[PDB]
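# using only what follows, build the 3D model:
(one chain, ligands or ions: 2)
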Amino acid sequence: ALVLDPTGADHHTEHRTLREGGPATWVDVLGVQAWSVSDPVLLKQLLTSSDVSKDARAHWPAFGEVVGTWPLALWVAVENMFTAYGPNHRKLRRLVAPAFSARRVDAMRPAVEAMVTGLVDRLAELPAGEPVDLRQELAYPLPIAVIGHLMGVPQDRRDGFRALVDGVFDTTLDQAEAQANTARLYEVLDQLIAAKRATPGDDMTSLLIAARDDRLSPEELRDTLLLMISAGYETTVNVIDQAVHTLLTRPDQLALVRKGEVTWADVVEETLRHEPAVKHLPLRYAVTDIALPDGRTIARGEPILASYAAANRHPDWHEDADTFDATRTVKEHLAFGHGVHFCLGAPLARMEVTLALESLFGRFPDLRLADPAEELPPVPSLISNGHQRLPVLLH
Ligand code: HEM
Ligand SMILES: c1ccc(-c2cnc[nH]2)cc1
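Residues are numbered from 1 along each chain as shown. Ligands and ions are numbered 1, 2, ... in the order given. Provided below are the atomic coordinates:
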């Protein structure tokens, strides 16, 4: 099996290495072997087939053995829509879906714009001439403010999730370290639940608690909250990171926006295709034997790893796929998945990034990297795709 680098040191080379194996390749993900699939046609078929599942408990025979030794166990051990199959998935997703409907996201625009303006205004107060780490001053705080408002996370409890959600995506942690991070996360989650139970509000956390106190099990409640909070605290940060970094390293693209040839939305869509926030998605399983394009077989019970980043650059899908081009007529990508599990937060994330870009470049037209010659290393993760820091000069 091809061993995927847990430190995510060079994902671009990784894309090529994986695609070198054809539509699918047997790989090793921190000790677990699975079929990495990067052919978008095949991936879309697998993602819409009744023969593929995200329910490890029901469809992965090795689950019982893996759960105690795999550092990424939390990704497949939770009990929420992320690990549900069929009717159970429809049920667990429908409970949260309402908060992310088209009408709801549109209704949140004013609040999100205000949050964006506040963070950008703050940047404007920073000492002129001194470098600013945009990842820490804008990319990270915006998604947190949005999810906090939507989920109803008390202000005094927001910082507590930061290091823990980071741990969820830290694929360099060993089993013991991952287990400790997970325990700490459930602890702050239980505390949040207790606080919201005592003082409910007009938010999703309160609605979920209400559903559990009515069905919804104790595990489904905390695990659904874990999913929603983690999704809001990480991932979007990387899209903002990548979009800004691209515009600062590819001036022609920013000029296209200023000329009115492409929109901020177009830039976000190309960023999602070219440098998606989630490179690989653990994990799926074959409910029955599945034939691969080369005659090989994904045996019943074997894992399937959706390799979205590599797939978004597949040469039969997009021409000159490795080049960032916001003018592309065909903008489809798999950054949010495909099918019933399609990212529930997609519309909100898209709005967050488009608004952030507009406000940021609108306020600082001379924004630029603090040091273009400085190499910005990637976040140490096989899953998350972002820079450890994004040093810029506002004026
Ligand atoms: C507003 C912030 C976000 C929220 C609340 C959110 C929420 C969710 C939820 C609830 C799911 C599970 C859906 C299901 O299994 O039915 C999900 C899945 C997913 N999300 Fe997000 N998400 C957010 C941002 C993002 C971003 C920025 C990306 C990457 C550009 C992303 C990528 C994905 C992917 C790849 C999946 C899995 C698709 C699959 O099942 O293969 N999400 N998200
Ligand atoms: C665990 C599983 C999924 C997620 C996620 C979904 N969308 C963004 N992050 C975060 C933690």
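# tell me which element the closest residue to ligand 1 within the stretch 101-250 of the chain falls in.
At 3.5 Å from ligand 1, residue 231 is the closest residue in the stretch 101-250 of the chain, using CB to the nearest ligand atom. Every residue, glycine included, has its C-beta placed from N, CA and C. Counting by DSSP states H and E, the element that carries residue 231 is helix 218-233.
# okay, buried residues for that helix please.
Buried positions in helix 218-233, judged by neighbour count with 16 or more other CB atoms under 10 Å: 220-233.
# also stretch 130-141?
For stretch 130-141, the neighbour count (16+ other CB under 10 Å) marks 132-135, 137-141 as buried.
# tell me which residues are up against it.
119-120, 122-123, 126, 162, 237-238, 240-241, 244, 356, 360, 370-371, 386-394 (CB atoms under 8 Å, 6 or more residues apart in numbering).
# which ones among the residues you listed map onto strands?
The strands, defined by DSSP state E, take in 391-393 from the contacts of stretch 130-141.
# drop anything exposed from the residues you listed.
Those of the ones in strands among the contacts of stretch 130-141 that meet the buried threshold are 392-393, by 16+ other CB under 10 Å.
# out of the ones in strands among the contacts of stretch 130-141, the closest to ligand 1 would be?
Among the ones in strands among the contacts of stretch 130-141, and counting by CB to the nearest ligand atom, the member closest to ligand 1 is residue 392, at 21.0 Å.
# give me the buried subset of the contacts of stretch 130-141.
Buried by 16+ other CB under 10 Å: 119-120, 123, 237-238, 240-241, 244, 356, 360, 370, 386-387, 389-390, 392-394, out of those.
# get me the contact residues on the stretch 151-300 of the chain for ligand 2.
168, 227, 230-231, 235 (CB under 6 Å from any ligand atom).
# now render the residues you listed as CSV, adding distance to residue 27.
Output for those, formatted as CSV (distance: CB to CB, whole Å):
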residue, distance to residue 27
168, 21
227, 25
230, 24
231, 25
235, 22
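# just flag the most distant two among the residues you listed.
Maximum pairwise distance among those (CB to CB): 11.5 Å, between 227 and 235.
# list phi and psi for the closest residue to ligand 1 within the stretch 251-395 of the chain.
Using CB to the nearest ligand atom, the single residue of the stretch 251-395 of the chain nearest to ligand 1 is residue 345, 2.2 Å away. When read as degrees, to the nearest 10, the backbone of residue 345 gives phi -90, psi 0.
# in contact with it, which residues?
Counting by CB under 8 Å, 6+ apart, residue 345 touches 100, 231-232, 236.
# and with 10 Å instead?
Residue 345 makes contact with 96, 99-100, 105, 143, 146-147, 150, 228, 231-232, 235-236, 336, 352, according to CB atoms under 10 Å, 6 or more residues apart in numbering.
# where do the helices sit along the stretch 151-300 of the chain?
Using DSSP state H, counting those that start in this stretch, the helices of the stretch 151-300 of the chain run over 155-169, 175-198, 204-212, 218-233, 236-249, 251-259, 264-274.
# could you dump these to CSV with distance to residue 81?
Listed next are the helices of the stretch 151-300 of the chain as CSV, based on distance: least, CB to CB, whole Å:
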stretch, distance to residue 81
helix 155-169, 17
helix 175-198, 16
helix 204-212, 12
helix 218-233, 7
helix 236-249, 19
helix 251-259, 35
helix 264-274, 21
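# out of those, nearest to residue 80?
Between the helices of the stretch 151-300 of the chain, helix 218-233 lies closest to residue 80; by CB to CB that is 4.3 Å.
# what is the burial count for the nearest residue to residue 191 once chain neighbours are set aside?
Nearest residue to residue 191 in three dimensions, chain neighbours excluded: residue 157, at 7.1 Å (CB to CB, 6 or more residues apart in numbering). Close neighbours of residue 157, defined as other CB atoms under 10 Å, add up to 14.
# same thing with residue 249?
Residue 249: 14 neighbours (other CB under 10 Å).
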